[PDB]
């Protein structure tokens, strides 16, 4: 099965580890064996000042790759959004999109692996954003994921082995003259902080 999903993640934190705003909305194409995505879109929000932005970006990707279904971040047991819970706002959108493409948009939320994969990529693109904006940043990553930074790419991985080894990967130019570290958010258990400093 080919699935398009979307989620928003990554948060700019203040000096007291309190979130200012979210960083990245990502749409991903996920196919078997459903551990990662090689095909995705990113929309950077403005962190320093929603489910709609996810569903829109998902639709944009779906028209490009023609998936079997779209997963949205709403936990409703996988019910088709056109056959519908604030996400009733998206029912008419789900209705007309199905009529146009034959693609079902389903409210599966936290039960969805592709949504989780989209979330991991949001974390990765949040780090990329940090790499490309850093004199010091605190980025709050999505729940239990870590990143590795190599010369030409960032790797994202879920910390939960129960998820079966979900991961992400984004090629990007990693600048010299930076210092990064990764550590637990003291205020939010199971969430990691990506702190970066320009040398």
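Positions refer to the first chain, counted from 1.
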Notebook entry, point to check: Per the entry, how many residues of the deposited chain go unmodelled between residue 49 and residue 50: none, 1 to 3, 4 to 9, or 10 or more?
Noted result: 4 to 9
Check: Would you class the number of unmodelled deposited residues between residue 93 and residue 94 as none, 1 to 3, 4 to 9, or 10 or more?
Finding: none
Next item on the list: May I ask you to compare 30 to 38 and 167 to 175 by their mean CA B factor in the entry and name the higher one?
Entry: 167 to 175
Checklist line | Stretch with the greater mean C-alpha B-factor as recorded in the entry, comparing 67 to 75 against 112 to 120 | finding: 67 to 75
Checklist line | Candidate set 61, 138, 159, 45 [ranked by C-alpha B-factor, highest] | finding: 45
Checklist line | Highest recorded Cα temperature factor - choice among 106, 86, 103, 127 | finding: 86
Notebook entry, point to check: Looking at the C-alpha B-factor of residue 18, is it in the lowest, middle or highest third of its chain?
Noted result: highest
Checklist line | Ranked against its chain, the third holding the CA B-factor of residue 184 | finding: lowest
Next item on the list: Sort the modelled residues of this chain by their C-alpha B factor and say whether residue 143 lands in the lowest, middle or highest third.
Entry: lowest
Checklist line | Third of the chain, ranked by Cα B-factor, where residue 149 sits | finding: lowest
Check: Is the Cα B-factor recorded for residue 134 in the lowest, middle or highest third of its chain?
Finding: highest
